[PDB]
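# Residue-level structural notes
Here are the chains, one letter per residue:
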Amino acid sequence: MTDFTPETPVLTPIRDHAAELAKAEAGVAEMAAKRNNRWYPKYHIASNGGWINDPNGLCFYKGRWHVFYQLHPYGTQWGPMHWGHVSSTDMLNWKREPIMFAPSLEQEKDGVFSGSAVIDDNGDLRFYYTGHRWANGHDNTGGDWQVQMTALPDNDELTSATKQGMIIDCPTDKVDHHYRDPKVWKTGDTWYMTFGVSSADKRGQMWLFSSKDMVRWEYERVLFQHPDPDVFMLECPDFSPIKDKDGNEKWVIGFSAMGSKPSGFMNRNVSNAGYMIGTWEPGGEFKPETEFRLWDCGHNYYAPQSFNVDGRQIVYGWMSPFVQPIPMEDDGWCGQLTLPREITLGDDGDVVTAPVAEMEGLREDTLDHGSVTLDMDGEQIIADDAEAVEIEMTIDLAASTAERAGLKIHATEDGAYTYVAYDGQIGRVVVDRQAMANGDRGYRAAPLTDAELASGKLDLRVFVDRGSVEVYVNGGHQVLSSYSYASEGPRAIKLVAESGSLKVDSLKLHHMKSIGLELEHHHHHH
Amino acid sequence: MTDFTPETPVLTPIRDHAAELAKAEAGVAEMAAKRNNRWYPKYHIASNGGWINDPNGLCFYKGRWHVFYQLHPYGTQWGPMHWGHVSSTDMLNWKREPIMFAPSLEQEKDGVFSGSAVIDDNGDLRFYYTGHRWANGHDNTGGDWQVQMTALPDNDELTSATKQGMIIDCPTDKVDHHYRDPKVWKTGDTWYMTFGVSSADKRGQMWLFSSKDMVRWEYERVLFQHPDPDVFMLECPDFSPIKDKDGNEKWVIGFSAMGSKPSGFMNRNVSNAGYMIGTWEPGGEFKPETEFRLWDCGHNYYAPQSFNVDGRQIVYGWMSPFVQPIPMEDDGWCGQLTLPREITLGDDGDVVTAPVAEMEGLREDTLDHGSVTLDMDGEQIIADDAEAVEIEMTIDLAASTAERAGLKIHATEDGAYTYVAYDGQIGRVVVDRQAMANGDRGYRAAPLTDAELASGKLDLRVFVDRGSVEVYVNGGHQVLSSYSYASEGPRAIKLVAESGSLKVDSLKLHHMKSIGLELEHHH
Ligand SMILES: OC[C@H]1O[C@](O)(CO)[C@@H](O)[C@@H]1O
Ligand SMILES: OC[C@H]1O[C@](O)(CO)[C@@H](O)[C@@H]1O
Ligand SMILES: [Cl-]
Ligand SMILES: [Cl-]
Ligand SMILES: [Cl-]
Ligand SMILES: [Cl-]
Ligand SMILES: [Cl-]
């Protein structure tokens, strides 16, 4: 099968797409109607009903931000994959759009898997996505059978699109089933695509294809092979140039890696997404210059996708719940995205992912505490019932003798809480759920460099939403995103010093606005 | 004769000792009469009223175990130092004895500091201790002024002693104030003494002296100087020979070091006690063969003293509360000692400090839970209300996928607890107080060797008392001792697995008897 790259797309409809979309819409609205809002986000993207996963089709196009996502419109576990869709002009007030894709073509009949959206040379958007089949025709026992597909929007609003079919087949001979998650970009006079592959020797790979017209593709080479032989697959690959403030471009390769074994604080989650920084000449293989580093050090983060708009590289992740129990799945929804983060390189040359500047517009108010000191082990109340807030704080590392200090959030009447803390014995920032009464527990610890540790200050920017926390360390040099399933009743926030003093130079709380996606007319505040 | 080793003791009485003892008894009794027992130990040694610190005068003599301890008889913070005293015929049932020493001689007039007991060549006990003066005559603001003293018991019960005065003076110009905490022992045909000193260059040292008759001493040399320049003093030195796995003698040097900077999980407390293993040619310098290691990795442990009984080296530590707040101080007492431990060398050549075997006699019963498994993140109640209990468990590390797992103790209705856990991300046993409602919090983490991590099994022996936890890891290869000031109500114990499975191959609980020092109690 030497030509697994057809000259014209192979289009093979087996179901009526509009009728499948219509079924999907009915499924989501029914879950939304009955949905329990206890842990539902006020300012993160989730489906109005049902399970989501990877963010997809991310773009700014025709004056709107668009976020699509893998969606199961019939329940709160993963199932037949669809694309859901939300859009906004400002990244602050979002509108639920129609479901975008439902399985309707032969090569995607078991699911419309992850993909991306790029603006072409004529300013028109094109979608690329993976079509999924079971290899044995029925379920996962026989592994996956995956190909690359393309589609075009029907209108500037992207409220619908027309499928064109398969553009890249799978040489099953040459791979171990896994063959998915495309990203297309242009460098120079040529378009490139990469997607993740498990080779025949079960090594996680990224393959490179090229094109001059976006629909006809040619295999170039293996762009990257994961150096760890336990790593069998690279899901949701990313590959983008990021500029320093010095005028240089570095290539950042990203992937959601399956198969790594956990080691110390690294790679603790079932699968783990991360990046390497290095160089790339077009057609060639990636040359890494750093070891693998996580995008996000928390409990619940996977499958990040990034996109470029006007020199900005923005990334969303899926807050992935891989570990039982998953309390929210009984509530008519499951899963949310992170806030949008901007990718930059910092002064040390490492990747930094601060929240995008637009996130400041979430703040309804500022309660400025000024500087706060705890002279010894103790706690101060910051909120008695904080549902959706951002806390910004700067710790004077130089003056605080505390061994561990930070915030207890979702601190309820039963004594449960999630702890966000600087830990001076390991020299890290932790999110520790040991005291939580719902969800799996454990802790996650984000590294601080020697310079960050000898610095006089540590900045934390902590977003608490009804079901989650995101901790941005030193302006997003590290981030931890974790679910936190608050118990019932008022949810306090406490500032905490353990075993020594804590000097905080600045502490501010901001209440967060709703992003307009939680709205549901069967829910009467009343 | 300013030379610092008098030919005969310098005896200088300035106060009526009996009257000073009577005043101290009245002070302790006032605190005892109002004591709140909420955190008061059921099976550890504390004063009946007041603050204690270092264990002192430790011995077995004329058919009894004796424990003395630094005592402030007038308050529940540190203050003018006396020695308190308990005794026992079995280590299980203890009695309060008369306060032993109050300051009554010029050279100890601001405190009878730490010291030790040894049995001489004729089978007679002698005491050695430090006499403390404020260097400026008032307060700690001008530093310490310290010398070594001796005394003999007046009877086989050790209920009182005759003081003999000062036997080792301080050469002011060779020392930076600190000069204290004697230990005496015999090697070959010679008696030796060591104590801690801060040199003129502010280095922590143990000096060595020798004697023929245990009363007149001769300076020999500096036995040991701590290799870290930040360490300026070595309090409560210890030095004793221990038989290794091959039947060979090793010398273990111990001290309570002042001035180390915390580094990672090491040396976290205000001051830190520990040991090195090495060799000694009698009369020579100690030669370490190991780096410094802590006796105990927990929050509250300091000033351990050891003594020898029928070939066994037994050690007690003070559970030191150096960090505010100290909520027990409102309750008419402050400070308890650890259980007694035996110092041995393990198969890997490192020190092991298991509870002495007599501690098995604390057990009133055995509740055998057998094998327990948690299949995923979860909790199981092991005891609904545990005031004073010992839990023995073996965890199968090979089978358990949990990231962290263990026992929450003192688990009360307000959701507070102290967590004793294996932590798979750091490969350590931790005691974590973050959720406690009373006292300072934080965590402490005891190391496991690669061989211990590779074995596939982890043994914990956890002693819960009303205000404390002691965790004995792998037979006492490591120990963590910490105060745990439980909240009000029933105090549960829960087995906990986080983010994966926990296989416990064996779990046993034993209720602990009272050692009788609390007298009548309310359960
Ligand atoms: O929903 C299926 C999608 O989820 C992923 O496995 C990553 O979480 C992608 O590889 C795939 O396209
Ligand atoms: O109470 C005084 C005693 O306590 C110590 O400082 C150790 O805790 C000793 O060096 C001293 O003899
Ligand atoms: Cl790491
Ligand atoms: Cl509030
Ligand atoms: Cl709120
Ligand atoms: Cl250590
Ligand atoms: Cl009990």
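Residues numbered from 1 in each chain as written, not as in the entry; some residues may be left out. Chains lettered and ligands numbered in written order. Heavy atoms only, no water.

The deposited coordinates for this entry were obtained by X-ray crystallography, with a reported resolution of 1.80 Å.

Looking now at the interface of chain A and chain B. With 34 residues of chain A at the interface, the matching set in chain B holds 34 residues. Summing both partners gives a buried area of about 2,700 Å² for chain A against chain B, and 39% of it is carried by carbon and sulfur. Contact with chain B buries area across many residues of chain A, yet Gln425, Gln434 and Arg441 of chain A alone supply 28% of it, more than any other trio. On the surface where chain A and chain B come into contact, there are eight salt bridges. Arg441 of chain A is paired through a salt bridge with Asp377 of chain B; the nearest N and O atoms lie 2.8 Å apart. Inspection of the chain A/chain B interface yields 28 residue pairs in polar contact. Elements with a minimum of two residues in the side of chain A that touches chain B: β25 (378–383), β27 (404–411), β28 (418–423), β30 (443–447) and β34 (492–498) of chain A. (Contact = heavy atoms within 4.5 Å. Buried area = accessible area lost by both parts, 1.4 Å probe. Salt bridge = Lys/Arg side-chain N within 4 Å of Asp/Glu carboxyl O. Polar contact = N/O pair within 3.5 Å; in protein donor to acceptor, adjacent residues only side chain to side chain. Helix = DSSP H or I, 4+ residues; strand = E, 2+ residues; numbered from the N terminus.)

Residues and elements named next belong to chain A. According to the domain assignment, chain A contains domain 1 (1–364 + 514–526) and domain 2 (365–513). For domain 1 versus domain 2, the separation of C-alpha centres amounts to 30 Å. Around 3,900 Å² of area is buried between domain 1 and domain 2 when both sides are counted, 51% of it from carbon and sulfur atoms. Taken as a group, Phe265, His299 and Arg363 account for 20% of the area that domain 1 buries against domain 2, more than any other trio of residues on that side. Seen at the junction of domain 1 and domain 2, the total is four salt bridges. The residue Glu518 makes a salt bridge to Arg466 at a minimum N-O spacing of 2.8 Å. Summed over the shared surface of domain 1 and domain 2, the number is 33 residue pairs in polar contact. For the side of domain 1 that touches domain 2, the element with the most residues is strand β23 (residues 351–355), which contributes five residues. Here the side of domain 1 that touches domain 2 is built from residues that sort into 23 nonpolar, 14 polar and 11 charged. (Domains from an automatic or database assignment. Nonpolar A, V, L, I, M, F, W, Y, C, P; charged D, E, K, R; others polar.)

A few words now on a negative patch on the surface. Judged by side-chain charge, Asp384, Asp385, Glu413, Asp414 and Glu488 of chain A come together as a negatively charged surface patch. Tracing the backbone shows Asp385 of chain A in the loop between β25 and β26 (389–396). (Patch = residues over 30% accessible without salt bridge, like charges linked within 9 Å, V, L, I, M, F, W, Y side chains within 5 Å. Areas by Shrake-Rupley, 256 points an atom, 1.4 Å probe, with all protein chains shown as cover. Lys, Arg positive; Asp, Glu negative; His and termini not counted. Charge placed at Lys NZ, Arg CZ, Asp CG, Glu CD.)

Residue and element names in this part refer to chain B. For helix α1 (residues 17–33), built from 17 residues, the straight-helix expectation of 24 Å at 1.5 Å per residue is met to within 8% by its first-to-last C-alpha distance of 24 Å. Buried residues of α1: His17, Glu20, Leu21, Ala24, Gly27, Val28 and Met31, and no others. The arc that holds every buried residue of α1, seen down its axis, measures 120°, which confines them to one face. What points out from α1, more than 90 degrees from its buried face, is the exposed set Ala18, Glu30 and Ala33. Where α1 is buried, its residues meet β1 (50–61), β2 (64–72), β3 (82–88) and β8 (161–168). Taking the backbone nitrogen of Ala18 as reference, a side-chain oxygen 3.2 Å away marks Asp16 as the first, capping residue of α1. (Expected span 1.5 Å × (residues − 1). Buried < 20%, exposed > 50% of the residue type's maximum accessible area, 1.4 Å probe, protein only. Arc of directions from axis to C-beta.)

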